[PDB]
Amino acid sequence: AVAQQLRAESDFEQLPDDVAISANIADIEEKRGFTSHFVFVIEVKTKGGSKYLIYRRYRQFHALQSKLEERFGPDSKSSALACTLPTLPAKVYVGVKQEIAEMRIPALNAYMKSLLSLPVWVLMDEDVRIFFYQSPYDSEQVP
């Protein structure tokens, strides 16, 4: 199985240094108001050695997964790029928002771990790359 490892090594070598290799949740923050929602604070590490924070709420995760399913899922009429996508924790219509967010920490950690282990054509999808890059608002915060 030496051939397999050597190939795995060759393929990784070709990825740009800014590709994400891990993403783990560091905390959650409540955004108060007429209606409140929660934001996940995520620590990302890249192939090139960078480490930084991004801030994402659940509906941003759901919008990304909807795109991936249309492009690489079962009902995706593009067979060539099809693969097994991880399932995203489901929507919860009603309930205590802070408890729902806390329950999603380990579930979203598993989903991100599985996503970053997918084939190169998914890792390089422009929307997946944008989701893990620092937006201007993420980078102007002091960790």
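Note that residue numbering begins at 1 and tracks the sequence as displayed.
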Q: Using the B-factors recorded in the PDB entry, average over the C-alpha atoms of 130-138 and of 6-14, then report which stretch comes out higher.
A: 6-14
Q) Comparing 99-107 with 52-60, which stretch shows the greater average C-alpha B-factor in the deposited entry? A) 99-107
Q | Highest-ranked of 46, 65, 79, 114 once sorted by CA temperature factor in the record | A | 79
Q. Looking at the C-alpha B-factor of residue 42, is it in the lowest, middle or highest third of its chain?
A. lowest
